[PDB]
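Scroll down for the structure; my scribbles are underneath it.
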């Protein structure tokens, strides 16, 4: 709560994210978060939002100034969204990192479509 | 028709090849891990967005274009309950780049709201 606020401020500082030039261009996630506030299937949307932050942080991994801020925020997302389950986290990380432009991966995906479709229905 | 369509896609990509076995399964293991998980939509969300992104990346193979359209439409009906508002939101989220500074600032600026929603 106090370590978490400090960290978000640290990131806002680094990016210069508390300035008015930011609101310029419409919301990113805030509107969608309202649309699904009370939806029983909101995890569908939260999953995309959380994966976005993981990917963002992953690719800002070498900025020493914000490294720990990202580690703290990530750990928190992990606890709240993935119930601190380390097996769930490994799965989540594997899925978000899959490329769509790799042929070997495209074949596997097509190859597993029957199983995917059954899980959805 | 989607079943016959998956087989069409499997035929095109020559999915029965032993090459495809290399490196293990992509989603099948994960699907098992979460079969009875009350929060499985977290994982299905990532699997469905992968297919949606893949189908856009394959829009150049004209012969399989209708198979992909049929499969995609079916995922839309079953996973997003055919809700067109949900589809617009989902599509918007899966297309967000992580290398655009303007978007990064927006995301950092909305982090408190995101974190509150994860409650």
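All residue numbers here begin at 1 and follow the chain in the order shown.
Using N, Cα and C of the backbone, Cβ positions are placed for all residues, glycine too.
Going by Swiss-Prot, these are the annotated features:
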CARBOHYD  A:16  N-linked glycosylation site
CARBOHYD  A:83  N-linked glycosylation site
MOD_RES   A:1  pyrrolidone carboxylic acid
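Sequence features, as recorded in Swiss-Prot, placed on the structure.
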residue : record                      : contacts (Cβ under 8 Å, 6+ apart)
A:1     : pyrrolidone carboxylic acid : none
A:16    : N-linked glycosylation site : none
A:83    : N-linked glycosylation site : none
